[PDB]
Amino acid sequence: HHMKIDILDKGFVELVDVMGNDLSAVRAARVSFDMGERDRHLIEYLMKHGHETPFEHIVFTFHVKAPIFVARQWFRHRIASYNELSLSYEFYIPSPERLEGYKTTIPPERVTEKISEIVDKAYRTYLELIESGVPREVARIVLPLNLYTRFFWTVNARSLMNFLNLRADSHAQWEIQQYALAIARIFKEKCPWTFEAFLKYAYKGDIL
């Protein structure tokens, strides 16, 4: 359903649903359905002065597929609703280019290979424990942090902008940056005025 952006080798960010648009913030700000452009001007005004409450009335629901180490960083954003999966087994294997700029003792290709290898061994050990009757909740603890998980994320535009301020930044890990770029992309698509105003006055990051 709807927009879908592939991230990393097997990940993605999919837009499930969206409630409202830029006008939803305007209506809430004026507190009126009948008496809900001077409107785009209002959006900028609210953003400039930090009147963020109206933006809480725009809501998004995303379906995200990401490695657990990315999900854990993501989940630290408490002002939102999450529902994580609880079953296929895939892992994020960094591409050689990911090691861009680092003078590694061994070739990038080899680093990618070493990572694929322990992932392989951990996974085969997991399947073995399972086959012997070991409980899934127990056997799964040997699986690596690059294992892909999936979750639904329902978040309002205000909370989404705080999310972007922290993750859509060069100081954030590249992997999470990629997901934040995808989220920003969808946000931009569905709320042009809010997103533009956000970049103009409130965006604290540097990659957008």
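A residue's number is simply how far along the shown sequence it sits, counting from 1. For the two forms, the rigid core is made up of the largest set of C-alpha atoms that agree within 1.5 Å on superposition.
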- Message: Quick check: by Cα RMS after rigid core superposition, does 126-134 or 88-96 differ more from this form in 6 other deposited structures of this protein?
- Response: 88-96
- Stretch with larger C-alpha RMS deviation in 6 other deposited structures of this protein, core superposed, 169-177 versus 24-32: 24-32
- Message: With respect to the deposited sequence, is there a break between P144 and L145 in this entry, and if so is it 1 to 3, 4 to 9, or 10 or more residues, or none at all?
- Response: none
- Item | Extent of unmodelled deposited sequence, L87 relative to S86 | 4 to 9
- Query: Where do the C-alpha atoms have the higher mean temperature factor in this entry, in 38-46 or in 52-60?
  - Reply: 38-46
- So which stretch wins on mean C-alpha B-factor, 129-137 or 77-85? 129-137
- Query: Considering only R27, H171, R158, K65, which residue's Cα atom bears the greatest B-factor as recorded?
  - Reply: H171
- From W153, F69, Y179, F33, the top C-alpha temperature factor is at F33
